[PDB]
Amino acid sequence: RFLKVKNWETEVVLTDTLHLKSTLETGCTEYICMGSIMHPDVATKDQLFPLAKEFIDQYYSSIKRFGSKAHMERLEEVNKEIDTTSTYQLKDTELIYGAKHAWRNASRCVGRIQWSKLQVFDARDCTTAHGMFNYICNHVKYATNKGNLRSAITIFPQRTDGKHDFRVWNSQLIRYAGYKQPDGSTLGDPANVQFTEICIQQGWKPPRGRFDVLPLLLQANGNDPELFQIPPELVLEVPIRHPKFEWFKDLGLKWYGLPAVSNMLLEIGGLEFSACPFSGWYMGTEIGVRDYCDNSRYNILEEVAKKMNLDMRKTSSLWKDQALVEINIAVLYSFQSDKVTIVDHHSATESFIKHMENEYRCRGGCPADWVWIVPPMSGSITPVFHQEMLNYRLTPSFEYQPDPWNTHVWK
Amino acid sequence: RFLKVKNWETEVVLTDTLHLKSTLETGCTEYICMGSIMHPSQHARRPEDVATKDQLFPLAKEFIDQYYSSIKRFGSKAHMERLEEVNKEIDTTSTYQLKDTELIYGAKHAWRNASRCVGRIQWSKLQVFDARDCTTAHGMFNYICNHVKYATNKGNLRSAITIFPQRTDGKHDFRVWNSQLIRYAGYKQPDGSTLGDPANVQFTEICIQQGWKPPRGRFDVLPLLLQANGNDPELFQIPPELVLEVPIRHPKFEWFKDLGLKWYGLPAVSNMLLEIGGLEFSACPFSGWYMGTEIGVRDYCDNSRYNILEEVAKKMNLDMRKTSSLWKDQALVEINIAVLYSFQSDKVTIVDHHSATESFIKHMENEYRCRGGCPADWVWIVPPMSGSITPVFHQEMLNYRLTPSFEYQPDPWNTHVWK
Ligand code: HEM
Ligand code: HEM
Ligand SMILES: Cc1cc(N)nc(-c2cc(CN3CC(F)(F)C3)cc(F)c2F)c1
Ligand SMILES: Cc1cc(N)nc(-c2cc(CN3CC(F)(F)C3)cc(F)c2F)c1
Ligand SMILES: C[C@H](O)[C@H](O)[C@H]1CNc2nc(N)[nH]c(=O)c2N1
Ligand SMILES: C[C@H](O)[C@H](O)[C@H]1CNc2nc(N)[nH]c(=O)c2N1
Ligand SMILES: [Zn+2]
């Protein structure tokens, strides 16, 4: 009835009761832990009823109206819609609550101290890819806010029969293209080579550079997706320079200011919002460690280390570690110099511990995925490394979903 | 059913069937994951104190079955006699005694099964010192000294475990009260600060309370506190010539030597329990060699350990007023360069986290290839610095509890009734 988590650095112990409210699977079993597995159909009428009730109950409990006339009538109204239309429609208040709580419940998100400050753009009246483009452009402009970034989500119409899904085919709203060259090398972001190819096949004329912002590939109502160029004045980018290394700007590095995940599914009360792009601001390591230094990504450790004149003939010189730090210093300095919101992994992990402890106080727990919360460099010098965490799946939730090109029926 | 793990760098997919042999709960469920809990489970294979026959024999049979299976017997003459022998021993002493071969097999397989250990590519190259004839803390000291000398080997370190008499009723436990054979003292200062290793403040106070005269310095090698057959523990000073230490200097920063840092070369875990076929070896000090990050990241830079980041950073003349300058990250790298440069210059075995994690990936592939799996705890395997530029960060792992195993146990001073 109670689970305890300890911080081995501070000795603080928190008591988790919230996990009793989880209902969906983590992927582990009693005899094997799948904590590091990355990824461990429409609901029928009878399936949807109890999911809707649980969510409406939770909503009315949250606003201290549980058992109220409004709670009871809403429940009856929801059951009526399910009974008649096999689905139902969230009120705006419920939509905002659900979206904020899916963020609040994202066990892999270190930025959740911000969860209650989320701008929710209801796009459930959207019917076409042009409409989605308009909503997404407004999302980008609002979220970017001339560098003073604001978290935001735009929610497109829910799934109906599974054959009319709204999807943003992009994994993120703003990403750079990748082009495989005849000689085996890759220009730009190798993570996006397949998506870049889909875009070109759909008629995108690529600049064939290292930092081409990809076009939006937007699917409405299960139709074939359509290409749209985000207006370049809406795509805020930061050239990456270094406060001490004059030569760093000569690497030609830049990144975009707005991280905007667009390939996940938002599940609220059994309803599935298959297009729900959301955005916050970057933690610097996402760019400096993963985007720039993953071997499968821009992979710049060698080039930076060369320019640092590091001894690269043996690993134990820690040349990779040395270059990695300087790169991440560069990322933070550049965003800060251009007054583009960014958070370093130390600030972000400290805030998440504060958030986590507050969540245990007021909510009874905070589901947290250590594998994802600990930054990908300098792990043990951030406080989350020493923080025991319990992982469990609460709903509303953000879910992975198959890439749309693996399932789309081309018209 | 049958589980796959993917490496997201290489796209290599491995298929795990070994997990079907797991015995103990992980702590996780279908609904909650406890993979970052230090001690998620208290599920043990044998109950409280001296087990009844229907409790110990099934575990014994299982281990003996496993051992005779390993050597292409099972059902052979010697196996069936061994079951009868173990059966008679439990009938007449409420326990049984491992053969030398079984002890060695058991110790190597506890190491092979240690999901949290990144060094297991070496698992079958393990020197086993049978100390089950030991009877006194003096004898334990003699065995541990021999272990330390053998394992240190003038810097060419060698993996070793020394196995003292198994638990009998729980009142006669052999214990090394030290957490590791070689650790530095920690002193609580009058002004509230801490001198030495703050992790060892309590154990240091116990030693001082037991007559240890501390030199009260930053790197005081602690005495051994040895408990034999349940008796009160006894202090022993490890002969310093057996304690190989490495002065930490930096290949570039000439001022780094002035920090006065050293570390010992031999990491030797002494507070764990070795469990083989229901038998519990409560004193089983084992040692290998260091991954540089254990010293340079955790020992030196944990806030509640030596916590040297600020002083190194000051010497480096870094911007320390804001986290976003990454001054901690900058010093952290130089410290770990220094640690590796120092050990290597002194020809003391050490492995950097890049080479270690690379070898562990290879070990995983080997284990899946011949064994059908390898239990691995990502949370512990990924190094505490530069995680994602190491291959294990990108390697999905499956964690499960195979026996024989190394287990945690209570610190004996919470258990011990003195005399
Ligand atoms: C406001 C500042 C935010 C920061 C600093 C932040 C930080 C992060 C980071 C560093 C990750 C890991 C990303 C990766 O490794 O690929 C992450 C994951 C995630 N974030 Fe946040 N985030 C923020 C806002 C948001 C918002 C506004 C939402 C939703 C409305 C959100 C939902 C998620 C989810 C669902 C994941 C996990 C994705 C997955 O499961 O694979 N985050 N966040
Ligand atoms: C030979 C070189 C070895 C290396 C480089 C190595 C490396 C490591 C490292 C880095 C850890 C994590 C330590 C920590 O963060 O506290 C660890 C844990 C562990 N090692 Fe190894 N190890 C080696 C040898 C051995 C041997 C010889 C044994 C036993 C015979 C062993 C058994 C274990 C166990 C049981 C753990 C987990 C401890 C726990 O759960 O608290 N290791 N190892
Ligand atoms: C809102 C937000 C803020 C922030 N700082 N990061 C992210 C963020 C999240 C992901 C995870 N996504 C799930 C997937 F596997 F599909 C990839 C990937 C990124 F690249 C990101 F930038 C998101
Ligand atoms: C044989 C060996 C080689 C090596 N490289 N490291 C270790 C090693 C393991 C631990 C785990 N300890 C048990 C605990 F949970 F208490 C913390 C702690 C250390 F300090 C170590 F050095 C052991
Ligand atoms: C195999 C492992 O689960 C995978 O590499 C994870 C590790 N932790 C991560 N943590 C974050 N934040 N993002 C990631 O992509 C990953 N990848
Ligand atoms: C809370 C968390 O499990 C704890 O800090 C762990 C994290 N991973 C670790 N990994 C290793 N190798 N050693 C450790 O002591 C720890 N500590
Ligand atoms: Zn788990």
# chains A, B, ... in the order shown; residues from 1 in each chain; ligands from 1
call {"tool": "interface_residues", "arguments": {"of": "chain A", "to": "chain B", "cutoff": "8 Å", "atoms": "only C-alpha atoms", "output": "VMD selection string"}}
result
chain A and resid 5 9 19 22 to 38 289 to 290 293 to 296 315 to 318 320 to 322 324 to 326 328 to 329 332 to 333 343 to 344 346 to 347 370 to 371 376 to 381 388 to 393
call {"tool": "residues_near_ligand", "arguments": {"ligand": "ligand 4", "cutoff": "9 Å", "atoms": "only C-alpha atoms and all ligand atoms", "output": "number ranges by chain"}}
result
B: 38, 116-119, 159-161, 179-180, 183, 266-272, 285-292, 294-295, 298-299, 350-351, 408
call {"tool": "select_by_dssp", "arguments": {"residues": "region 84-301 of chain A", "states": "helix (DSSP H, G or I)", "output": "NGL selection string"}}
result
:A and (84-85 or 92-104 or 112-114 or 129-147 or 190-201 or 232-234 or 246-251 or 284-293 or 301)
call {"tool": "residues_around", "arguments": {"residues": "region 348-364 of chain A", "least_positions_apart": "3", "cutoff": "6 Å", "atoms": "only C-alpha atoms", "output": "JSON, numbers by chain"}}
result
{"A": [16, 17, 18, 110, 113, 345, 384]}
call {"tool": "write_last_selection", "arguments": {"atoms": "C-alpha atoms", "output": "PDB file, in the first residue's frame"}}
result
ATOM      1  CA  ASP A  16       4.723   6.511  -3.127  1.00  0.00           C
ATOM      2  CA  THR A  17       1.003   5.789  -2.954  1.00  0.00           C
ATOM      3  CA  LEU A  18       0.203   7.085  -6.442  1.00  0.00           C
ATOM      4  CA  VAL A 110      12.732  15.782 -16.796  1.00  0.00           C
ATOM      5  CA  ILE A 113       8.067  20.975 -13.028  1.00  0.00           C
ATOM      6  CA  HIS A 345      21.273  19.493 -17.294  1.00  0.00           C
ATOM      7  CA  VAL A 384      18.701  12.657 -10.181  1.00  0.00           C
TER       8      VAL A 384
END
call {"tool": "atom_distance", "arguments": {"atom1": "atom 15 (O, counted along the ligand's line) of ligand 1", "atom2": "CA of residue 292 (chain A)"}}
result
13.0 Å
